[PDB]
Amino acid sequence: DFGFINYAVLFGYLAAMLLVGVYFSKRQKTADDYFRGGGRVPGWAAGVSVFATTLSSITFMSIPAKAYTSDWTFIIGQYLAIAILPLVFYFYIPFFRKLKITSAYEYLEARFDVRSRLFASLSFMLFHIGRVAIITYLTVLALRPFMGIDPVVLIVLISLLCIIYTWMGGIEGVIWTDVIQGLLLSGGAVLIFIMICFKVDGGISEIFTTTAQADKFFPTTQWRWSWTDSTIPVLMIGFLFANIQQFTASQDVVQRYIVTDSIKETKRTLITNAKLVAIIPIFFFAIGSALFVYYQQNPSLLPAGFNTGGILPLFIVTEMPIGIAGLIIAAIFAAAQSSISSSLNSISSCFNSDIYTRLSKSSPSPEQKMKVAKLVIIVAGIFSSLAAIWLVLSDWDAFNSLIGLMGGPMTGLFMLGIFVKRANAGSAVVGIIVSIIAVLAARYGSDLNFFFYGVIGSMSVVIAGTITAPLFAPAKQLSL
């Protein structure tokens, strides 16, 4: 078994997350508290929270498996995510801040009209219900063979517990848990790397040389155009657009831009996040390369037909010492939970502003907004968790892959509003329609690589919403 000591580390970590939630529950009086944090978050904390929100068990498990089986080409993705940040700061964040947004999609009603706002908000909320279910599913897939408990108990520990502290704690409790979880997964990744270096005969130098000799850093055979394969050009355009989605059009990140009290602290949020993205992800790639060298030096330690997605967890549970092993498991929990908590709170912030407030005939009182803010964390939590239970016990993708395609059009709407002065409500709507059709064509009637779905979706809104602008009444002004 995992053992009592390893467990006690895990349950200490879980108890610490709940206690942070209890601490921040006292200050939740209004929706402003619960979603905007009353302007009490410093920049550095919001920036760690952005990193921990975006980096989930998807990165933690997949990126090492990917470097193990192939190469580091995907890391170009991380650096493109940093490269766009000044553009976000200069062109997007001033609108978000000056409008005193609760939900990012309020910008779309201000720039265009309610149809664009609601299309984007519903696509966000549905996508993130999926992201939570997926994050929870992968974590369970990773840990289940090695914990000695039923999948459902594991879901209680990963998901239910996360729901409780998120519910009590508001965006402040979500952010301060994220800071701990962000730093825990970061040190955890560094510590895994170190340990694998100490177990490879020849250490870090042999890990480097073997990897470079196998052409597993940046193979030039991947510098080629393709419509179907995930080559360097495809993933560069693909990650550029995914990153623009993540940092301009996605409520879980955009929410962190408005919790700081000044633009000075807002810059600190982006700067802190940039430092983490420039340093930490490299360790996840380095881990897959290290493990590859380690299991080439120790061929009999893998069962034949072992799934390469389980090699990292296999190494943790079989090769890391007692206490340390329990802490790495807590760090995988921390990668999952920091993303789950942010997605639940953002889902509730969108529901509160874009659905409940915007569509009520009269404006809800402060006390009413607070109630619904809390309630939607439970409801979304329940739905996300059931889905995760279904994914586990059965062996669905349709809904998820379908709603995922709406990320492109949501992101195009922001690019169009922000950069095309003549675009207007109607031309944005023609843009959505064109975008939707184009993405369904890409996904279901072609063999195009998945990296193209976002670019197509985005650029379809931009192009159709630009060329059809003169057919509708002149654009709303919106002067900041």
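Note that residue numbering follows the sequence shown and begins at 1.
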Higher-scoring stretch by recorded Cα B factor average, 339-347 or 213-221: 213-221
57-65 set against 22-30, stretch whose average Cα temperature factor tops the other in the entry: 22-30
Options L391, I287, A334, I171 - largest CA temperature factor per the record: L391
Peak C-alpha temperature factor (PDB record), options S116, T266, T272, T308: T308
Where the record places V140 (Cα B-factor, split into thirds across the chain): highest
Ranked C-alpha temperature factor of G47 among modelled chain residues, by third: lowest
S385 - which third its CA temperature factor falls in, relative to the rest of the chain: highest
Where the record places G238 (Cα B-factor, split into thirds across the chain): lowest
Chain-wide C-alpha B factor ranking for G38, given as lowest, middle or highest third: highest
